[PDB]
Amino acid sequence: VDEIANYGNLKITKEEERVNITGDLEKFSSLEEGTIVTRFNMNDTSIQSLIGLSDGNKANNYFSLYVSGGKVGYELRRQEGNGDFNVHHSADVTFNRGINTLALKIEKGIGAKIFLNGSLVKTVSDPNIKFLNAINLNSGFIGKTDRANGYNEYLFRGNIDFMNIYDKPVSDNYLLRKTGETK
């Protein structure tokens, strides 16, 4: 494989560390499809954004790939007051106590798949699936979704071993094998 963006070896134990990838948005802003593969260790059980790409200074205008105590999912929201929507695809899963590996796969005209620890944990069949191209972005973060001020930013605590972003779907086979390294 070959990523358009590669982040790794990150420790996020408090609010301020906390990885600002805003300066990289031009790489992701036009993606209608793609894949995110990330290896991580969570410390809390609340909804935590592993990666949040968001507008503003807005409340509900964001992409969020999140993990929970018992869930994995993503949101793509808008906001703006014209063509507004709230997408939410998630799955009940059981994580390793320690290190976990997930992948979100988006394929334009097909839909979405979520992988975790070498299993396909969710299939979304949607020929009209949307991705980053569908919202305006002015903020990017690994470890939270940047939101207005009174809205929950899904603060992550723990470590991120790696975070690879691709501009193409990427085979199920590869994704099963990479995430499967933490089966």
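Don't overthink the numbering: it's just position in the shown sequence, from 1.
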| property | result |
| --- | --- |
| Segment of higher mean CA temperature factor, 97 to 105 or 81 to 89 | 81 to 89 |
| Ranked against its chain, the third holding the CA B-factor of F156 | middle |
| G118 CA temperature factor, ranked by third within the chain | lowest |
| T13, C-alpha B-factor rank within chain (lowest, middle or highest third) | highest |
| Where the record places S29 (Cα B-factor, split into thirds across the chain) | highest |
| CA B-factor placement of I129, once the chain's modelled residues are sorted into thirds | highest |
